[PDB]
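As a starting point, one isolated chain is supplied in structure tokens, in the form deposited in one PDB entry.
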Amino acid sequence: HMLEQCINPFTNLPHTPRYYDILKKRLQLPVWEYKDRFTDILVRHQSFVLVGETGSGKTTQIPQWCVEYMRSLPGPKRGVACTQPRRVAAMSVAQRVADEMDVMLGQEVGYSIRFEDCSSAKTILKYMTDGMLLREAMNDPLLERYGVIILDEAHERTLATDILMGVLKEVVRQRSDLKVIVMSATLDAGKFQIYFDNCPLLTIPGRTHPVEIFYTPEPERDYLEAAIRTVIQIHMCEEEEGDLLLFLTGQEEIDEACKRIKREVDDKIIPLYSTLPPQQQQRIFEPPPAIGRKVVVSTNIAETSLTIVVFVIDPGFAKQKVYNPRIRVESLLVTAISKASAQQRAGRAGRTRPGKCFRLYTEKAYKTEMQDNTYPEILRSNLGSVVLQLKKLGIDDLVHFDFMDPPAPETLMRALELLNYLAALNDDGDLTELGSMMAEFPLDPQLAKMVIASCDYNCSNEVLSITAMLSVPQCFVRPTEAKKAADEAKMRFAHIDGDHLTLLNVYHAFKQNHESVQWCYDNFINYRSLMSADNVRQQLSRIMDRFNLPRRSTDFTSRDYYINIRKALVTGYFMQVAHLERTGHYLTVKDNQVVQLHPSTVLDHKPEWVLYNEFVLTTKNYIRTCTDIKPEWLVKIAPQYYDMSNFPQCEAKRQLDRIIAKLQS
């Protein structure tokens, strides 16, 4: 027990009237009935699991109680860390908790996402992404900056969360004072309990009303049409005042639906996705306007990360980034959700009062086709970045590393294979100096190697700009009703050698026109993407200075200016190359996937050899962001990958054999 005078312990001044208005509300959250029982466990055990449904108040109240616990301990004031899988969740819940504690966001309460650290020396509670916390562990193996680490939303089983659970399980074997709390919205059969050595479990009862579930009589031919059909049928055939929540897979699918819903009803529509500006994102909370209603067309951001809604439309699909280690292909994919995911979507209708979830699929499709639980992300991800950070952390044995769900051995082979090709690991599996340096860049190992290697090509300034543009959302604005005008504006920045250099042109012209918003409107350029790219580039350049990596440019009047930049791209992306086939098709080297250039490319011709940044897997295979390259550069820059003694004998090797024979003439 510590002396608590009715003042703000961070300013030694009385709290504001808003603090006590918010305090009255959150005292009614179901978690506050269990504060003593939470405290009794926290002060007697190192790790435990806390299960509570969405809206119980774990995310906002539990970290505040752990700050209370830290302030009572003697010694140097350590902080509290609470991880979130989604960067939007970390930012919004940090601003909310900052209001509840009557402090400025970025001061006592802050957030840390990739490329945006909103914290100071006063920060004692920080909501961060799970990826950022793992990043901090490389320079802080035991995470001694924190006394309590809270892994929230553990049921979503993101790759970074799974690795963190494996790292933290090793840290608590070496640090006795650290408290680890794993929080989940489902029980998951006590899996987290058994993993952390049968630790205690605290379950908060849910306060969710009954939810009626409606199944379609037959499967739907088009789930987007069924979603639009269901939205308008709810609007007219329902007399109870209420709001709508529609789950779609991506941004393009959302803006398309919001457009058609507006057109057919005209005869409040609210989008919500991650890259949507926060000005439009906060519109999900504004009041609704014949009953006037609110329809929120969102992604699975609203499945558990936040709460808003009496009627939910569940098409049953989400977009996942999957990795096929057989063909070394990583792509975003639309796939059916799990029965656990479906229950979480339906549970969002029973928040205010009893609601209804309209599942756009049959009951037999729910029971006989949908998996019970969604595959852990670690079983369908490229592990190269995670392996590199673990080796930097000092974990050498990744075979016997205690994963909750171990990845397939072939997926780990591809990760070790990738890092060795980039010279991040030597032939003994040891981290090299180049690999240790690459691990400090918050980028894919391909991008980190590309940036470092470009110094030798005297174009690190230009690769740094391109890297920043590849690290932000789409910079080209392409409205559906104005494709020709948008494409015409994009072609003003087009470089004849492809898309990577076109991104360079956009950044250069953005800077030389002084970050003008009107200039972005004139050229259909996304102003927010470019400001973000500018911020990302500054931070990456600060990492360059720390390692004394020179930032250099080639004479622009020379032909070597663009040739050196394209050579530098090969240093990182030599594994993502396609070869033009006689009849106009492209074949990826080695893996022999049939692909074609994404329609968004600025290339007005088909180069014989193209390097691509992204594999797009729809009805056909598309490669996006493509650059013309010379095949001679492939054999000279990355000979360990273009090993002709081991290269598969397809048509790509036939052309490469001629070049290598000509080199030895």
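C-alpha atoms forming the largest set that superposes within 1.5 Å between two forms make up the rigid core. Numbers for residues come from their place in the sequence shown, where the first is 1.
The form deposited with a small molecule bound is left out here; the points below concern that form.
- Only one of 596-604, 634-642, 59-67, 609-617 lies within 4.5 Å of the small molecule in the deposited bound form by heavy atoms, and it is 59-67.
- Taking 307, 280, 512, 558 one by one, only a single residue has any non-hydrogen atom within 4.5 Å of the small molecule in the deposited bound form, and it is 307.
- Contact with the small molecule in the deposited bound form, defined as a heavy atom within 4.5 Å, holds for exactly one of 96, 207, 235, 339, namely 96.
- Proximity of residue 29 to the small molecule in the deposited bound form falls within the 4.5 Å heavy atom cutoff.
- Using a 4.5 angstroms limit between non-hydrogen atoms, residue 351 touches the small molecule in the deposited bound form.
- Contact check for residue 54: a non-hydrogen atom falls within 4.5 Å of the small molecule in the deposited bound form.
- Proximity of residue 214 to the small molecule in the deposited bound form: non-hydrogen atoms within 4.5 Å are absent; the residue sits far from the partner.
- Rigid core superposed between the shown form and the other one, residues 284, 418, 447, 160 considered: the one with a C-alpha shift of 2 Å or more is 284.
- Relative to the superposed core, residue 258 shifts its CA atom by 2 Å or more between the shown form and the other one.
- Relative to the superposed rigid core, residue 430 undergoes a CA displacement smaller than 2 Å between the shown form and the other one.
- Residue displacement note: residue 235 has its CA displaced by at least 2 Å between the shown form and the other one (rigid core superposed).
- In the deposited bound form, the CA atoms of residue 120 and residue 276 come closer by at least 3 angstroms compared with the shown structure.
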